[PDB]
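Q: Contents of start_29.cif (mmCIF, C-alpha atoms and all ligand atoms) are given next:
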```cif
data_my_file
loop_
_atom_site.label_atom_id
_atom_site.label_comp_id
_atom_site.auth_asym_id
_atom_site.auth_seq_id
_atom_site.Cartn_x
_atom_site.Cartn_y
_atom_site.Cartn_z
CA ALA A 3 113.49 140.13 29.76
CA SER A 4 110.87 142.70 28.77
CA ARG A 5 110.71 146.05 27.03
CA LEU A 6 108.18 148.82 27.50
CA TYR A 7 105.88 149.91 24.67
CA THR A 8 102.84 152.20 24.47
CA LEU A 9 99.59 152.03 22.52
CA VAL A 10 97.19 154.97 22.31
CA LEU A 11 93.55 154.73 21.23
CA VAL A 12 91.62 157.92 20.47
CA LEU A 13 88.08 156.71 21.23
CA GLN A 14 85.22 159.19 20.77
CA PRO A 15 81.45 158.58 21.22
CA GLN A 16 80.87 157.26 17.68
CA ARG A 17 84.33 156.59 16.20
CA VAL A 18 87.86 155.41 16.91
CA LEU A 19 91.15 156.58 15.38
CA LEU A 20 93.60 154.13 13.82
CA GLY A 21 96.60 154.41 11.53
CA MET A 22 97.70 152.16 8.69
CA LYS A 23 101.28 151.25 9.51
CA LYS A 24 103.32 152.25 6.48
CA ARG A 25 106.74 150.83 7.39
CA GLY A 26 108.41 148.71 10.06
CA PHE A 27 107.16 145.78 12.11
CA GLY A 28 103.58 144.85 11.33
CA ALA A 29 103.28 147.27 8.39
CA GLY A 30 100.05 146.93 6.44
CA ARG A 31 97.81 146.68 9.54
CA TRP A 32 95.58 149.26 11.20
CA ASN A 33 97.20 150.05 14.57
CA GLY A 34 96.84 152.28 17.54
CA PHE A 35 99.56 154.90 17.95
CA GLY A 36 102.60 154.03 20.02
CA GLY A 37 106.06 152.55 20.11
CA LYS A 38 109.06 151.89 22.29
CA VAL A 39 109.42 153.87 25.50
CA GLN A 40 112.76 155.66 25.54
CA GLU A 41 115.25 156.08 28.35
CA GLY A 42 114.55 159.30 30.20
CA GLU A 43 110.78 159.58 29.66
CA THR A 44 107.84 158.16 31.56
CA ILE A 45 105.62 155.60 29.90
CA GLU A 46 102.91 158.21 29.41
CA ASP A 47 105.46 160.73 28.11
CA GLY A 48 106.42 158.06 25.58
CA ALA A 49 102.78 157.53 24.62
CA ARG A 50 102.18 161.24 24.04
CA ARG A 51 105.45 161.51 22.13
CA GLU A 52 104.62 158.64 19.78
CA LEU A 53 101.11 160.02 19.21
CA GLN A 54 102.51 163.43 18.20
CA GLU A 55 105.23 161.86 16.03
CA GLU A 56 102.82 159.52 14.26
CA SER A 57 99.75 161.78 13.90
CA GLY A 58 100.58 165.35 15.06
CA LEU A 59 98.00 165.03 17.83
CA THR A 60 98.45 166.18 21.39
CA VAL A 61 96.07 165.38 24.20
CA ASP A 62 94.97 166.95 27.45
CA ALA A 63 94.72 163.63 29.27
CA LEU A 64 95.62 160.00 28.63
CA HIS A 65 93.96 157.27 30.72
CA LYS A 66 95.48 153.86 31.40
CA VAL A 67 93.05 151.25 30.11
CA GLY A 68 95.19 148.13 29.80
CA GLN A 69 98.42 146.17 29.66
CA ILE A 70 99.25 143.42 27.16
CA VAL A 71 102.35 141.21 27.14
CA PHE A 72 103.44 139.70 23.83
CA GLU A 73 105.87 136.84 23.35
CA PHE A 74 107.24 136.02 19.94
CA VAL A 75 108.75 132.54 19.57
CA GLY A 76 112.53 132.78 19.50
CA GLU A 77 112.67 136.43 20.56
CA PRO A 78 114.27 137.15 23.95
CA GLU A 79 112.41 140.34 24.96
CA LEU A 80 108.72 140.21 25.80
CA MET A 81 106.71 143.26 24.74
CA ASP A 82 105.24 145.03 27.76
CA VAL A 83 102.58 147.19 26.09
CA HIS A 84 100.80 149.85 28.17
CA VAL A 85 97.50 150.75 26.51
CA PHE A 86 95.98 154.22 26.82
CA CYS A 87 92.72 155.87 25.80
CA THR A 88 91.60 159.44 25.38
CA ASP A 89 88.49 161.14 24.05
CA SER A 90 89.39 164.81 23.73
CA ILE A 91 92.33 165.35 21.38
CA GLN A 92 94.05 168.56 20.37
CA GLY A 93 94.42 168.96 16.61
CA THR A 94 93.40 167.17 13.45
CA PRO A 95 95.25 163.90 12.75
CA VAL A 96 97.61 163.97 9.77
CA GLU A 97 99.69 161.34 8.01
CA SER A 98 103.28 160.71 9.07
CA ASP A 99 105.99 158.63 7.41
CA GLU A 100 104.92 155.85 9.79
CA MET A 101 101.12 156.05 9.88
CA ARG A 102 98.13 156.99 7.73
CA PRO A 103 95.29 157.92 10.12
CA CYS A 104 91.58 157.31 9.54
CA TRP A 105 88.46 157.33 11.70
CA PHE A 106 86.30 154.19 11.94
CA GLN A 107 82.72 153.80 13.16
CA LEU A 108 82.61 151.63 16.26
CA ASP A 109 80.80 148.84 14.39
CA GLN A 110 83.15 149.03 11.40
CA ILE A 111 86.46 148.04 13.02
CA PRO A 112 88.74 146.56 10.39
CA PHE A 113 89.63 143.47 12.45
CA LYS A 114 90.67 141.49 9.41
CA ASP A 115 93.42 144.04 8.66
CA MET A 116 94.49 144.26 12.32
CA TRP A 117 96.65 142.22 14.62
CA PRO A 118 94.83 138.94 15.41
CA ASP A 119 94.92 139.66 19.14
CA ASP A 120 92.93 142.85 18.57
CA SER A 121 89.88 140.65 17.96
CA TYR A 122 90.19 139.44 21.57
CA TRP A 123 91.03 142.55 23.58
CA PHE A 124 89.89 145.53 21.51
CA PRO A 125 86.17 144.96 22.23
CA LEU A 126 87.02 145.29 25.91
CA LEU A 127 88.60 148.68 25.24
CA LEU A 128 85.49 149.65 23.25
CA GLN A 129 83.42 148.51 26.24
CA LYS A 130 85.45 150.81 28.54
CA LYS A 131 86.65 147.91 30.72
CA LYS A 132 90.22 147.72 32.00
CA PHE A 133 92.12 144.56 31.08
CA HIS A 134 95.32 142.50 31.29
CA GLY A 135 96.26 140.31 28.35
CA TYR A 136 99.00 137.95 27.23
CA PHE A 137 99.47 136.70 23.67
CA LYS A 138 102.11 134.26 22.43
CA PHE A 139 102.80 134.62 18.72
CA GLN A 140 104.70 132.51 16.22
CA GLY A 141 105.38 135.13 13.64
CA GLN A 142 102.67 137.75 13.10
CA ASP A 143 99.58 135.66 12.21
CA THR A 144 99.28 132.75 14.68
CA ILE A 145 98.37 133.13 18.35
CA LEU A 146 99.75 130.02 20.03
CA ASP A 147 98.49 130.86 23.55
CA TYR A 148 96.74 133.70 25.32
CA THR A 149 95.21 134.83 28.56
CA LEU A 150 92.82 137.76 28.96
CA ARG A 151 90.92 139.18 31.93
CA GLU A 152 89.39 142.42 33.15
CA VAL A 153 91.10 144.17 36.08
CA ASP A 154 90.21 146.90 38.56
CA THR A 155 93.68 148.49 38.43
CA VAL A 156 95.65 148.51 35.17
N1 LIG A 201 95.61 148.36 17.71
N2 LIG A 201 96.42 147.25 17.93
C1 LIG A 201 97.76 147.38 17.76
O1 LIG A 201 98.32 148.41 17.37
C2 LIG A 201 98.50 146.22 18.02
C3 LIG A 201 97.85 145.08 18.48
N3 LIG A 201 98.58 143.92 18.74
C4 LIG A 201 99.91 143.85 18.54
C5 LIG A 201 100.59 142.66 18.79
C6 LIG A 201 101.97 142.58 18.60
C7 LIG A 201 102.66 143.69 18.14
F1 LIG A 201 103.92 143.59 17.96
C8 LIG A 201 101.99 144.88 17.87
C9 LIG A 201 100.60 144.96 18.07
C10 LIG A 201 99.88 146.12 17.82
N4 LIG A 201 100.56 147.17 17.39
#
```
Written as structure tokens, that's how I'd like the structure from this file.
Ligand SMILES: NNC(=O)c1cnc2ccc(F)cc2c1N

A:
Amino acid sequence: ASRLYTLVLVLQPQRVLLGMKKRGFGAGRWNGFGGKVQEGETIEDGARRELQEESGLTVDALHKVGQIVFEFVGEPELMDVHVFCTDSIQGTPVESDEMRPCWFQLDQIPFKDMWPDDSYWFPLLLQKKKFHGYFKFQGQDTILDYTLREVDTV
């Protein structure tokens, strides 16, 4: 029982793009861009679609950097999150109903206003290492269990 999601990180030499989630699940946290993958689109299609919906940005190339599985206690579907990075973007990011985008210096990541699991796996993304992760949550604050490792193939 799993469902595909995407997560897109615009990572440039000295800054990373994040959006403050305005509504929905996990609102009030700085997030990457992404969401559910729809029927009839590839995972990467879905990633590019969510990026454009949430920020207006398009990209020449997205690169697979990771995969994270989330379990929430009592919820039947696991989240199968495919994580992507890009450096070159096309456009200037703008606010959507869902996300307010801002750039952050790579030593000023707002981990305290981000999902707790970000503190574990995001530095690996910043270090340009591919990774597989698993995080078990009870609610949105408490990691009950996790595994994390670098991988050669995402
Ligand atoms: N940049 N990080 C995210 O956007 C992010 C990180 N962890 C999560 C864990 C569970 C979940 F439902 C969402 C996220 C998430 N969006």

Q: Could you list, as a list in words, all residues that come within 6 Å of ligand LIG 201 (chain A)? Count only C-alpha atoms and all ligand atoms.

A: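 I would give the residues around ligand LIG 201 (chain A) as residues 33, 34, 117, 119 and 120 of chain A.
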
Q: Using 9 Å as the limit and counting only C-alpha atoms, can you tabulate each residue of segment 50-79 of chain A that touches segment 7-20 of chain A, with its shortest atom-to-atom distance in Å and the two atoms involved, as JSON lines?

A:
```
{"residue": "A:50", "atom": "CA", "partner": "A:10", "partner_atom": "CA", "distance": 8.2}
{"residue": "A:52", "atom": "CA", "partner": "A:8", "partner_atom": "CA", "distance": 8.2}
{"residue": "A:53", "atom": "CA", "partner": "A:10", "partner_atom": "CA", "distance": 7.1}
{"residue": "A:64", "atom": "CA", "partner": "A:10", "partner_atom": "CA", "distance": 8.2}
```

Q: Write the residues of the selection above to a file with C-alpha atoms, as a PDB file, in the coordinates of the input.

A:
```pdb
ATOM      1  CA  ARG A  50     102.180 161.240  24.040  1.00  0.00           C
ATOM      2  CA  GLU A  52     104.620 158.640  19.780  1.00  0.00           C
ATOM      3  CA  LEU A  53     101.110 160.020  19.210  1.00  0.00           C
ATOM      4  CA  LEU A  64      95.620 160.000  28.630  1.00  0.00           C
TER       5      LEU A  64
END
```

Q: Kindly give the distance, in Å, that separates atom CA of residue 141 of chain A and atom CA of residue 74 of chain A, rounded to a single decimal.

A: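 For atom CA of residue 141 of chain A relative to atom CA of residue 74 of chain A, the distance reads 6.6 Å.
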
Q: Report, in Å with one decimal, the straight-line distance from atom CA of residue 124 of chain A to atom CA of residue 111 of chain A.

A: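 Interatomic distance, atom CA of residue 124 of chain A to atom CA of residue 111 of chain A: 9.5 Å.
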
Q: Residues within 12 Å of residue 51 of chain A, please, as a list in words. Count all atoms listed in the file; anything in the same chain fewer than 2 positions from it doesn't count.

A: residues 7, 8, 9, 10, 35, 36, 37, 38, 39, 40, 43, 44, 45, 46, 47, 48, 49, 53, 54, 55, 56, 57, 58, 59, 60, 61 and 64 of chain A

Q: In Å, rounded to a single decimal, give me how far atom CA of residue 27 of chain A is from atom CA of residue 91 of chain A.

A: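 Separation between atom CA of residue 91 of chain A and atom CA of residue 27 of chain A: 26.2 Å.
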
Q: Counting all atoms listed in the file, which of A:150, A:29, A:81, A:67 gets nearest to residue 131 of chain A?

A: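 Using all atoms listed in the file, the shortest distance to residue 131 of chain A belongs to A:67.
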
Q: Taking all atoms listed in the file into account, name the residue in A:155, A:149, A:142, A:94 that is nearest to residue 28 of chain A.

A: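 So, comparing all the options, the nearest one is A:142.
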
Q: Counting all atoms listed in the file, figure out which residue out of A:69, A:95, A:77, A:137 gets nearest to residue 152 of chain A.

A: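 Closest to residue 152 of chain A of all the choices is A:69.
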
Q: Can segment 39-54 of chain A be brought up to N, CA, C and O atoms and written out as an mmCIF file, in the coordinates of the input?

A:
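Written output follows (rebuild_6.cif):
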```cif
data_model
loop_
_atom_site.group_PDB
_atom_site.id
_atom_site.type_symbol
_atom_site.label_atom_id
_atom_site.label_comp_id
_atom_site.auth_asym_id
_atom_site.auth_seq_id
_atom_site.Cartn_x
_atom_site.Cartn_y
_atom_site.Cartn_z
ATOM 1 N N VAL A 39 109.169 152.828 24.515
ATOM 2 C CA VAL A 39 109.420 153.870 25.500
ATOM 3 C C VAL A 39 110.929 154.098 25.592
ATOM 4 O O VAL A 39 111.706 153.145 25.717
ATOM 5 N N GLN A 40 111.345 155.358 25.541
ATOM 6 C CA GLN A 40 112.760 155.660 25.540
ATOM 7 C C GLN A 40 113.291 155.814 26.961
ATOM 8 O O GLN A 40 112.532 155.993 27.921
ATOM 9 N N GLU A 41 114.612 155.710 27.093
ATOM 10 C CA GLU A 41 115.250 156.080 28.350
ATOM 11 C C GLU A 41 115.018 157.566 28.607
ATOM 12 O O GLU A 41 115.107 158.393 27.699
ATOM 13 N N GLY A 42 114.672 157.905 29.843
ATOM 14 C CA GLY A 42 114.550 159.300 30.200
ATOM 15 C C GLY A 42 113.177 159.912 30.006
ATOM 16 O O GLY A 42 113.045 161.137 30.129
ATOM 17 N N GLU A 43 112.157 159.109 29.721
ATOM 18 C CA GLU A 43 110.780 159.580 29.660
ATOM 19 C C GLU A 43 109.895 158.583 30.398
ATOM 20 O O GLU A 43 110.201 157.389 30.456
ATOM 21 N N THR A 44 108.804 159.077 30.975
ATOM 22 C CA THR A 44 107.840 158.160 31.560
ATOM 23 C C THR A 44 107.108 157.403 30.466
ATOM 24 O O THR A 44 107.187 157.732 29.276
ATOM 25 N N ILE A 45 106.396 156.357 30.870
ATOM 26 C CA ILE A 45 105.620 155.600 29.900
ATOM 27 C C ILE A 45 104.599 156.509 29.219
ATOM 28 O O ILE A 45 104.439 156.493 27.997
ATOM 29 N N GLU A 46 103.934 157.355 29.996
ATOM 30 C CA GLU A 46 102.910 158.210 29.410
ATOM 31 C C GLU A 46 103.521 159.308 28.549
ATOM 32 O O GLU A 46 102.976 159.641 27.492
ATOM 33 N N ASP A 47 104.644 159.897 28.995
ATOM 34 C CA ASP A 47 105.460 160.730 28.110
ATOM 35 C C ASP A 47 105.675 160.032 26.769
ATOM 36 O O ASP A 47 105.435 160.606 25.699
ATOM 37 N N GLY A 48 106.160 158.793 26.815
ATOM 38 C CA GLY A 48 106.420 158.060 25.580
ATOM 39 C C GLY A 48 105.166 157.898 24.738
ATOM 40 O O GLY A 48 105.220 157.986 23.510
ATOM 41 N N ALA A 49 104.022 157.674 25.382
ATOM 42 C CA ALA A 49 102.780 157.530 24.620
ATOM 43 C C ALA A 49 102.424 158.839 23.921
ATOM 44 O O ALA A 49 102.151 158.862 22.715
ATOM 45 N N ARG A 50 102.465 159.950 24.651
ATOM 46 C CA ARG A 50 102.180 161.240 24.040
ATOM 47 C C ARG A 50 103.178 161.575 22.942
ATOM 48 O O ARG A 50 102.819 162.184 21.926
ATOM 49 N N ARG A 51 104.453 161.227 23.148
ATOM 50 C CA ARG A 51 105.450 161.510 22.130
ATOM 51 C C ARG A 51 105.159 160.739 20.850
ATOM 52 O O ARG A 51 105.173 161.300 19.753
ATOM 53 N N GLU A 52 104.898 159.439 20.972
ATOM 54 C CA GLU A 52 104.620 158.640 19.780
ATOM 55 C C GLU A 52 103.358 159.131 19.070
ATOM 56 O O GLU A 52 103.316 159.195 17.838
ATOM 57 N N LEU A 53 102.322 159.487 19.826
ATOM 58 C CA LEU A 53 101.110 160.020 19.210
ATOM 59 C C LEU A 53 101.416 161.267 18.375
ATOM 60 O O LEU A 53 100.974 161.381 17.225
ATOM 61 N N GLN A 54 102.190 162.205 18.935
ATOM 62 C CA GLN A 54 102.510 163.430 18.200
ATOM 63 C C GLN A 54 103.380 163.119 16.987
ATOM 64 O O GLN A 54 103.153 163.668 15.906
#
```
